[PDB]
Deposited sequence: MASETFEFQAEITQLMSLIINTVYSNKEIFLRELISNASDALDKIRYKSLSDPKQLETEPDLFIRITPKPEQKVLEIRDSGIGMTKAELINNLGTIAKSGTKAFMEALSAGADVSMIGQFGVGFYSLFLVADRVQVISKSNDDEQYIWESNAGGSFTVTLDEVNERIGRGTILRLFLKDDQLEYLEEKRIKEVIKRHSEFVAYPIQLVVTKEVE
């Protein structure tokens, strides 16, 4: 099952290198950005369902779900939002609040403004050196978008991951010095601090040994 490869627009590669290498000390804000994007995608599928309730049937429950996978150094953020088709994955993450945000950064803006420029997605490279976006839109098959902060990304039909009824999984491959965010206490703390007003249940998946 072959993967297709695509090149990032110049201003994206720049931003991503301008973030994976940063020594900025408030790295935890990535989670607010991802939760926000999730909330948005949920809003869209819900708004859409107003004039077509059948859209919900692929996944009746509207939720945000966070799943640490410590043994893999992975953190997953899932939502049952509207999702993205193959074309949307290729196009959407391929533009500029970018150049303008980079300019604000140069002038001393705090990285946390990133979401204001509509490019908060890339805040994930604060804690991760690699990401897979797994997405299922009602209008397409499930696909995997993958990037390692480099200049190119891949898109591949998904034949290896669990079936999403509908929506998106952000699978973050955390940096060796950020395993921090695999911990339940740490995670809940970050959520309480920046995501107080979310209209959708935020679920935490925790694995505990029975003793």
| item | value |
| --- | --- |
| Non-modelled portions of the deposited polymer sequence, in sequence order | 95-97 |
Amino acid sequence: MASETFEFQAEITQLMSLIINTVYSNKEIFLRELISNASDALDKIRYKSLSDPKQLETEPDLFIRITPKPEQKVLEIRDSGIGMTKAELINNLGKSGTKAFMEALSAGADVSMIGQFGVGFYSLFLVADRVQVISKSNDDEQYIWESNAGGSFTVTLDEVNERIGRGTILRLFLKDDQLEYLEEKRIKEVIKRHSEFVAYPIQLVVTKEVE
From here on, numbers count along this sequence of modelled residues.
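We call the rigid core the largest set of C-alpha positions that still match within 1.5 Å between the two forms.
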| property | result |
| --- | --- |
| Core-fitted comparison in 8 other deposited structures of this protein, 44-52 vs 28-36, farther C-alphas | 28-36 |
| Between 100-108 and 71-79, larger RMS Cα displacement in 8 other deposited structures of this protein after core fit | 100-108 |
| Higher-B stretch (mean Cα B-factor, as the entry records it), 55-63 or 168-176 | 55-63 |
| Mean temperature factor over C-alpha atoms, higher-scoring stretch between 27-35 and 46-54 | 46-54 |
| Residue selected from 199, 202, 187, 10 by maximal Cα B factor | 10 |
| Criterion, highest CA B-factor; candidates, 160, 144, 149, 41 | 149 |
| Assigned third (lowest, middle, highest) for the C-alpha B factor of residue 71 | highest |
| Ranked C-alpha temperature factor of residue 79 among modelled chain residues, by third | lowest |
| Residue 136 - Cα temperature factor, lowest/middle/highest third of chain | lowest |
| Ranked C-alpha temperature factor of residue 96 among modelled chain residues, by third | highest |
| Third of the chain's Cα B-factor distribution that residue 106 belongs to, per the entry | highest |
